[PDB]
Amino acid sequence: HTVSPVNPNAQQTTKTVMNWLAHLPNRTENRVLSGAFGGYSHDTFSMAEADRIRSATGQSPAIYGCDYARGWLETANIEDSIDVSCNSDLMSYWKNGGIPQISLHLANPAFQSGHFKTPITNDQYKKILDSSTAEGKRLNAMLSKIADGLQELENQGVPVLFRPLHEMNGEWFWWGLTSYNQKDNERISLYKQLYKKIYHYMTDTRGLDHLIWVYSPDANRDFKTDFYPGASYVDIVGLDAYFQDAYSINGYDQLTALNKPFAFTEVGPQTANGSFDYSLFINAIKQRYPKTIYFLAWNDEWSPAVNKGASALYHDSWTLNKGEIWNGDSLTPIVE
């Protein structure tokens, strides 16, 4: 069968990549892409994390992440929190055998700037969704700058795993819940409106046809599927999972039941680096989470390079690394 991007007008390369990703779990090996966060653009983003991984394992992550939005910064104009300078490295990463991933630590447009983890009321959230308000104009200014950056990658036909508004069932980011594991039906509705607003702006208003859309609740909070905006707006579902016990992560059954490819969209140890063993994570994928198509481990103290088991993680028969998705200039054969 053919699995199509939810954007019917997706570029051919993006169509090909999405279909290829969806078929990975049919294989007997070479079926989970490795991934690493590279950092926040013009703050911590660099090739240093990829280099640490290559030093540790001889291989580079198949997926490399950048985050455009430095939402903790107070700035003269809120959109100054957006920086897209990591694009050059992302485009090179695609040219050299990997796939870029972009997330957004969005500044909070209920405020003049910054405040990304300052919670807001439903009344404030409604103002943000209203393009006529001061708050709504701030959101749109951020979206426009983000789209400008994404457009640079689209010009070169570079497919992007785009993962906006993540961990929305968590109580830390402004776009998520306001209290720990507290259901708020209005907040859920407003989140879906916000996701669709971003989807519509990027896909339709700006015609961005190189995006694969990733929905990523937190593994350690309830309501993992309640926030799902719908099958027509999401390509890949996944868990952001920070844990000690790889075998006890919640949410895999709930998300795979949505009949979308599944990934560990973020992964890392919950407690201080050094002792956590990534060998247990890849084994847990094989035993508990076999539909996993990729993992994206965080950098800094969460990196496999500063924990145990990087070699086992990267050299497992199931793992696919940078360059290994290709047979020359075509992707490796799909298995049905």
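Numbering starts at 1 and follows the sequence shown.
Averaging C-alpha B-factors over each stretch, which comes out higher, 291-299 or 268-276?
-> The deposited B-factors put 268-276 ahead on the C-alpha mean.
Of the two stretches 54-62 and 32-40, which shows the higher Cα B-factor on average in the entry?
-> 54-62 has the higher mean C-alpha B-factor.
Given 121, 193, 216, 259, the residue at which the Cα B factor reaches its maximum | Answer for 121, 193, 216, 259: 259, with the highest C-alpha B-factor.
Among 169, 151, 75, 101 - the residue whose C-alpha B-factor is largest in the record | Max CA B-factor in the entry, restricted to 169, 151, 75, 101: 75.
Residue 110 - Cα temperature factor, lowest/middle/highest third of chain = Middle third of the chain for residue 110's C-alpha B-factor.
Cα B factor band for residue 235 (lowest, middle or highest third within the chain) | Within its chain, residue 235 is a lowest-third residue by C-alpha B-factor, going by the deposited values.
Can you tell me which third, lowest, middle or highest, the CA B-factor of residue 134 falls into for its chain?
-> Ranked within chain, residue 134 CA B lands in the middle tercile.
Looking at the entry's B-factor column for C-alpha atoms only, identify whether residue 321 ranks in the lowest, middle or highest third of its chain.
-> Tercile = lowest for this residue's CA B-factor.
Ordered by C-alpha B-factor within the chain, which third holds residue 221? Give me lowest, middle or highest, please.
-> Within its chain, residue 221 is a lowest-third residue by C-alpha B-factor, going by the deposited values.
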